[PDB]
Structure formats: structure tokens, C-alpha cells
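Have a look at the structure below, then the notes.
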Amino acid sequence: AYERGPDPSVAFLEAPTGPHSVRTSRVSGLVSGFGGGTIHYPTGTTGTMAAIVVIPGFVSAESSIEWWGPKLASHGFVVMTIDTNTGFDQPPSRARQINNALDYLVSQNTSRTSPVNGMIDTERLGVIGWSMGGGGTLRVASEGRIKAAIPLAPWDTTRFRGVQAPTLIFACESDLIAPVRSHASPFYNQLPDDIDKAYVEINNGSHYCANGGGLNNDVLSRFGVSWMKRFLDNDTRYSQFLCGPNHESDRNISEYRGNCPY
């Protein structure tokens with residue numbers, strides 16, 4: 001119903017972009033409820049598609065996570081990468097600003113002046129976030145609106161036993177800022193049993209290993225594009241990249257956990 005784009009392959013996922021070229025539109029920093037950002041959207045499509053908000057971490061700008069914007073937009077999503085109100089905002093604040101950003105992006109589907117008018121299926125929303133933004137992602141994933149969540153090297157102080165959207169945590173093995181033993185790994189173990197979930201730990205990864213645009217793009221592409229396809233688009237052509245391969249046998253994946261099949 002919601003399937004878009006070519007039948008996938010590993011090479012297709014791992015290429016620098018998906019099938020579509022990407023246009024961008026600015027959201028002013030004066031927007032209420034968050035710090036502005038960029039809406040990324042594909043050319044050469046018809047009909048509606050899922051929407052995604054991407055949020056950075058402490059003392060970090062939108063550019064820290066921008067890779068995810070064209071990467072996913074080029075695969076048939078409308079993706080808004082954002083700034084927070086201040087660099088110092090903590091995870092509870094970031095969760096609130098994800099919600100405000102989602103509300104804003106949904107409002108664009110019907111705004112007269114918006115380049116993505118009529119292009120968003122507002123029932124189909126995902127969130128991606130790095131570090132504290134990843135804590136914020138896990139918080140919003142506990143609320144029952146969003147349909148997919150990808151925390152990237154998450155940092156938070158709470159626990160996540162109420163997450164209720166399918167959740168893929170990217171962990172960075174060598175992370176000194178949000179060490180996996182205190183953040184990503186506990187967060188995954190806290191996730192309840194009634195969701196589809198996955199833990200992908202990138203081998204020798206710094207805190208920045210899952211932001212995108214580094215040497216780990218093959219794993220981030222295969223897992224992250226497939227996650228949003230599978231869970232936002234209900235697109236089971238992508239199941240094969242998530243459930244089936246022995247993920248740890250990939251030299252760039254140091255640990256994998258999950259509850260396949262989905």
C-alpha cells in the first residue's frame with residue numbers, strides 16, 4: 001500500500017543515496033517549539049509518504065545529524081532535520097521539541113505555502129536522534145504516536161520500559177561520551193517485549209559513529225533505511241536485511257541483539 005521505490009538489494013541500500021534526488025526547504029529558527037531546521041523531500045514522486053524528524057545531541061547543531069536527511073528523503077520519506085532551542089537542552093526538553101517538530105511537520109501537509117503540501121501521510125511518523133536527542137527519541141517512542149524510532153548513540157538518565165514503537169538502537173562500541181555499558185545497552189535491555197526491536201553495535205565506534213557520513217555508512221544504510229521502510233511503510237521487502245543475516249559476522253558490527261522475526 002505504502003511501498004515505494006525499487007525492489008531493494010544490499011548494493012542499492014549501501015549506495016550514497018537512494019533512487020531520488022532531494023529538494024530542501026528551510027524552517028526558520030523563529031519557529032515555535034524548536035530551533036528550526038531543514039525539510040528534505042524527494043523529487044519524481046507522486047502521492048503521500050511517511051515523515052521523519054531527526055534531532056541532534058548536547059551542544060550540537062543540525063549539521064551533526066544532517067546526513068540522515070538526504071539519505072532517507074532519497075528513499076521516499078519527508079525528513080526534517082532540526083536544531084533545538086539551545087545547545088544545552090536536556091533529554092526531557094528535547095522530547096518536547098521532537099513532539100513540537102512532529103506537530104510542525106504534520107502541519108506542513110496542509111499549509112498553503114509549504115513545498116510538501118499534500119505529500120505527507122501524517123499517520124506514519126518516525127524519529128531519529130543522536131545522544132541526548134536519542135534519549136528524547138526513546139521518550140517520544142513511549143507515547144504511542146510515532147511508528148518507528150532510531151536512537152543513535154543515545155544518552156539519557158531515565159529508563160525505557162514503556163517504549164511502544166519498533167526501535168533500532170545504534171550503539172557505538174568505543175563511545176566515551178555515552179558509554180554503551182551505561183546508555184545504549186541498558187536502554188535496549190529495558191525495552192519491553194511487546195515491540196519489534198534491534199541493537200546494532202558498531203565495531204570500535206566513537207560517540208560520532210552513527211551520525212552518518214563516516215566509515216560506517218554501509219551498516220547505517222542497511223539497518224536505518226530498512227527500519228523505516230519496514231515500520232513506517234509496512235514494507236516487508238526490507239525484512240530480509242533486518243532478519244536473516246548473521247549481523248555480528250559483519251566485521252563492522254561488534255554486537256547485535258533483536259527479536260526477529262517481525
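Every number here is computed from the coordinates shown, using simple stated rules; none is lab data. Cβ coordinates were reconstructed from backbone atoms using ideal geometry, including for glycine residues, and neighbour counts include every protein chain displayed.
The alpha-carbon atoms of the range 16-93, seen along their principal axes, cover 38, 25, 19 angstrom, with the largest extent given first.
For the chain, pairs of C-alpha atoms spaced more than 33 angstrom apart make up 10 percent of the total. Assuming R0 = 41 Å, what is the FRET efficiency of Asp7 and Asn189, from their Cβ-Cβ distance, to the nearest 0.05? Calculated transfer efficiency: 0.70.
For the chain, a crude dipole built from +1 on the beta carbon of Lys and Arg and -1 on the beta carbon of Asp and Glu, taken about the Cα centre, is about 420 debye to the nearest 20.
Given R0 = 30 Å, the distance between the Cβ atoms of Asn246 and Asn204 translates into a calculated FRET efficiency of 0.95. Placing one identical point scatterer on every Cα of the range 57-116 and ignoring solvent, what is log10 I(q)/I(0) from the Debye formula at q = 0.20, 0.21, 0.30 Å⁻¹? Reported log10 I(q)/I(0), two decimals: -0.87, -0.93, -1.21.
Pairwise Cα distances in the range 153-252 exceed 24 Å for 21 percent of all pairs. Taking other Cβ atoms within 10 Å as a rough exposure proxy, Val116, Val59 sort from fewest to most as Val59, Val116. Putting +1 on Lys and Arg Cβ atoms and -1 on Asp and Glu Cβ atoms, find which of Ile169, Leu102, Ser254 reaches farthest to the positive end of the dipole of the chain. My answer, from the dipole projection, is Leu102. Among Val31, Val127, sorting on how many other beta-carbon atoms sit within 10 Å of each Cβ, with the fewest leading, yields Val31, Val127. Taking the number of Cβ atoms within 10 Å of each Cβ as an exposure proxy, the fewest-first ranking of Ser114, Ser174 is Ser174, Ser114.
With the charge dipole of the chain set up from +1 on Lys and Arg Cβ and -1 on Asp and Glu Cβ about the Cα centre, the Cα lying farthest toward the positive end among the listed residues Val31, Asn217, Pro16 is that of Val31.
log₁₀ I(q)/I(0) of the range 209-262 at q = 0.31 Å⁻¹, via Debye over equal Cα point scatterers, no solvent, to two decimals? One equal scatterer on each Cα of the range 209-262 leads to -1.29.
Counting each DSSP H run of 4 or more residues in the chain as -39500 (n - 2.57), what helix-only mean residue ellipticity at 222 nm follows after dividing by all residues, to the nearest 500 deg cm²/dmol? For the chain, the value works out to -7000 deg cm²/dmol.
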